[PDB]
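Starting off, we have a lone chain in the form deposited in one PDB entry, written out as structure tokens.
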């Protein structure tokens, strides 16, 4: 990975934007090769840089800092998304001052973007393992891209065993569609995490939102079929969403 590494001097770190897993995420400035500086986010691997898709977050590079004691502390440089995560954006839209009421057309486009992003990763046999609205970021052109690659998002087979495939990502995508259609509801209202396995095992699934089209609910429902092989691929789901969108 001698290609992805960036000189520490080219990076300036600022405030903390949020906590994530095993370390804090911070704002920063990255001086580029063209002399200009770019706003970035820094998580305090080489294959991710090979990823290239407008609906997938790009790796800008990584830096390694040596602390006063010589302890190494690696840092992952990612683009700065001022509009933030999609999950939070959906909730803000429900309030005044925040963005306007997001129409169905725009909501579907969010789903398409995510489907396009996953289609790209699925073709490279890369598993996401944590797809959710909170892990989808909004770019300055208001297009969505997947990032950050949780019991209520994990597929039924992935709970029973440690088996995980693209069909598991499809399951989580179905839930993400539901978050979007409901504008940020927590999955399975009235159901607690420790009850999820028995809840799904008994055949229960996420219920249809009030103003959600039958055609749309059919798409997301197909993601939750018990047998992973019965679930459609991302390339299928993407075209279904696209056709449904153009029909409006």
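C-alpha atoms forming the largest set that superposes within 1.5 Å between two forms make up the rigid core. Numbering follows the first chain given and starts at 1. Only residues modelled in both forms are compared.
From this point on, the text means the form deposited in another entry, which you will not see here.
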property: Position with Cα shift of 2 Å or more, rigid core superposed between this form and the one not shown, options 98, 103, 84, 72; result: 72
property: Is_shifted residue 34 between this form and the one not shown (CA, 2 Å cut-off, rigid core); result: yes
property: Residue 228 C-alpha moves between this form and the one not shown by 2 Å or more, core aligned; result: no
property: Shift of residue 8 between this form and the one not shown at or above 2 Å (CA, core fit); result: yes
property: Change in CA distance between residue 184 and residue 22 in the other form, which is 3 Å or more, as closer or farther; result: closer
property: Residue ranges moving between this form and the one not shown (criterion: at least three consecutive CA positions shifted 2 angstroms or more, core aligned); result: 7-10, 20-24, 31-37, 64-74
